[PDB]
Amino acid sequence: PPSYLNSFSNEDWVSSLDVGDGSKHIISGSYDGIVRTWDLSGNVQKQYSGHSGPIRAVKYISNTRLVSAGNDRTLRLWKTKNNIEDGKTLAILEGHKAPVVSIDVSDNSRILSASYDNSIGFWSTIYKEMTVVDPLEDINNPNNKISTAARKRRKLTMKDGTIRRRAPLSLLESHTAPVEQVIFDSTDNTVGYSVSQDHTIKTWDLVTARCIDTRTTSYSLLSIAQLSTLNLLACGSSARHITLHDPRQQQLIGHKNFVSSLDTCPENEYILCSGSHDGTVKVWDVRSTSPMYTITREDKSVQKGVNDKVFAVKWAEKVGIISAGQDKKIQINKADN
RNA sequence: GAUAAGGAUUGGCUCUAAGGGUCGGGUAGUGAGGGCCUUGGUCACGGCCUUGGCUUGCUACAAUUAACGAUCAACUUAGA
């Protein structure tokens, strides 16, 4: 049974989590716009500051590279050096027009971003491979009828230095409602299953940047995970259940609110974890239809319905199950046989 | 119709609410960010980790008659 191992606090809500492929550090995105790296002891190792709004997604690119997204429509690539280290923004990535809520990173140095502008961004880890965008050029080269107030408003957006800005490699635009999550294919690295609020699961041809196949669900979808080793797609919906789809059936029920995040057990082939806005994480066997363990938040000051939500859950193969949400604490559960 | 006239060169008193909106000021020193460079190890021209040289911040003297300038947006003959 997954037992409570350790828990360390934050200043504000935690919205995202990541551990990376092989490492011990925990990456957390918070609602203050600060990205924090932990060393399994509750001590902050690296801080990333500069996002205007709350962070909604963080991902691990390399030992010295991170990518983060937030309410401001800017992906930020962070580069560190290898007490407390302060990372520097390697690049800013623009063009979503609505807050970005999910990111994923592939093997071939590519990024997929899902935002509430019912569109998906196809981005590159290497910023030298993208067209640069000049914020000055909009108001300076034509300079047709831009007022002084508009010019000052535009200038006030560049007070935090002159940081590099890049344009997306492509815009995957077929959804009709905000997109909640997008993931790479665990094998192909060219297939881009995503879920949105328009009741659909869409698969994408990243080479041609178009939608290939669309499946319609009865309720809006909030989280998507892939089980390529047994070829299924688990989509947790706002209807408090997880639907299993065959990307070429069964539904898991028991949650009492929006299912926000999903993850898959790295050592077991049939086990996946789900976090929901009711404050409980649940581990599920694909062959069954009922939760086998239900983790709850271990805190004396937490209230079940007042401030208790799970915005991020992660299956880390070296430390267990990482949960984070409305309570500032980041919770670790054993989840090892 | 106010404002001294209405073929001419129209500009017209003192004090006293408002008179469309907005923006903008120097010379020097040092911190920051970008750009061109370049130097090593590393992975099949391209990455990864490292080395030395237009925007903005902080201080020191002039200007404070910016009583200036710039831009956006409005407007036409009340005479029978």
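Please treat every number below as a calculation from the coordinates, not as lab data. Backbone-built Cβ (ideal geometry, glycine too); neighbour counts: all protein chains shown.
How do the peptides A:235-244, A:3-12 rank, highest first, by the average count of neighbouring beta carbon atoms within 10 Å per residue? Mind showing how you got there, number by number?
Details: A:235-244: 21.2, A:3-12: 14.2.
Ranked from most to least packed, the peptides come out as A:235-244, A:3-12.
Using the Cβ atoms and a cut-off under 11 Å, what net charge is assigned to the surroundings of A:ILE126, where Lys and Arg are +1 and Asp and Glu are -1?
Residues close to A:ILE126 contribute a combined charge of +3.
I'd like the Karplus ³J(HN,Hα) series for region A:220-227: coefficients 6.51, -1.76, 1.60, θ = phi - 60°, whole numbers in Hz, and an x wherever there's a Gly or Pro.
5, 9, 10, 8, 9, 9, 10, 10
Each label point is 7 Å from the Cα along the Cα-to-Cβ direction; what then is the distance between the points at A:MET158 and A:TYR293, in nm?
Simple spin-label model gives 5.3 nm for this pair.
Quick one: what are the phi-derived ³J(HN,Hα) couplings along region A:109-115, Karplus 6.51/-1.76/1.60 with θ = phi - 60°, whole Hz, x for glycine and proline?
Whole-Hz 3J(HN,Hα) from phi for region A:109-115: 6, 9, 10, 10, 10, 10, 10.
Based on the mean of other Cβ atoms within 10 Å per residue, sort peptides A:258-271, A:291-304, A:127-140 so the most packed one is first.
Averaged packing, sorted descending, gives the order A:258-271, A:291-304, A:127-140.
With just the Cα atoms defining each centre, how far is region A:307-337 from region A:1-72? Give it in Å.
Using only Cα atoms, the two centres lie 12 Å from each other.
Exceeding 24 Å between C-alpha atoms, which entries from my cross-link table qualify? They are A:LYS81/A:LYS309; A:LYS88/A:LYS155; A:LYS59/A:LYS300; A:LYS79/A:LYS329. Before the final figure, lay out each step's value.
Values: A:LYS81/A:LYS309 34 Å; A:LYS88/A:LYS155 22 Å; A:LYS59/A:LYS300 31 Å; A:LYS79/A:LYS329 26 Å.
In this structure, A:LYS81/A:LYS309; A:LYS59/A:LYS300; A:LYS79/A:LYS329 lie more than 24 Å apart at Cα.
Sum -39500 (n - 2.57) across every DSSP H segment of at least 4 residues in chain A, then divide by the residue count to get the 222 nm mean residue ellipticity, nearest 500.
Computed mean residue ellipticity for chain A: -1000 deg cm²/dmol.
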